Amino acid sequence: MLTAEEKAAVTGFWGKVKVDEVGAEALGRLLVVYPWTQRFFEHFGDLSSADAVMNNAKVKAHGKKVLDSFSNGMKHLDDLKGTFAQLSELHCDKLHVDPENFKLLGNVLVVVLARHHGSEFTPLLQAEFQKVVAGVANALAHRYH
């Protein structure tokens, strides 16, 4: 994964991340901004506007959950793959979410991280976090092969 000096950077930084609320807004931000995504989330309720989504209570709790996986992936960078085993099965082989979309969410996450933390999330941090989401793109993708 990452030069252990690099790890200490993605790590020292998650320390100050309010995973909860990033979580809500991430999934929302994705749902609003990559409409097709919705389709997999249509048991959630009404997602017909911005507000619909950003407000919807389901979106919110399903987001705390989806940063948890990260907050969690973070603990175990060195073997993302393994740590992700199950979720990787869940998405691929009975949800059937094309892996392009682990990226998209990957990225939106970044975008929400940059909003939360300003120019404090420098590009040297971000260059890091973008592997972290590239890698969490990689573990969730696996069972496609």
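Residue positions are given as counts along the sequence shown, with the first one as 1.
- In this entry, 14-22 has the higher mean Cα B-factor, the comparison being between 14-22 and 129-137.
- Just going by the entry, 106-114 versus 92-100 on mean CA temperature factor gives the higher value to 92-100.
- As recorded in the PDB entry, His76 shows the highest C-alpha B-factor of the residues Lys58, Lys64, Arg29, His76.
- When the modelled residues of the chain are ordered by their C-alpha B factor, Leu47 lands in the highest third.
- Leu87 sits in the highest third of its chain by CA B factor, as recorded in the PDB entry.
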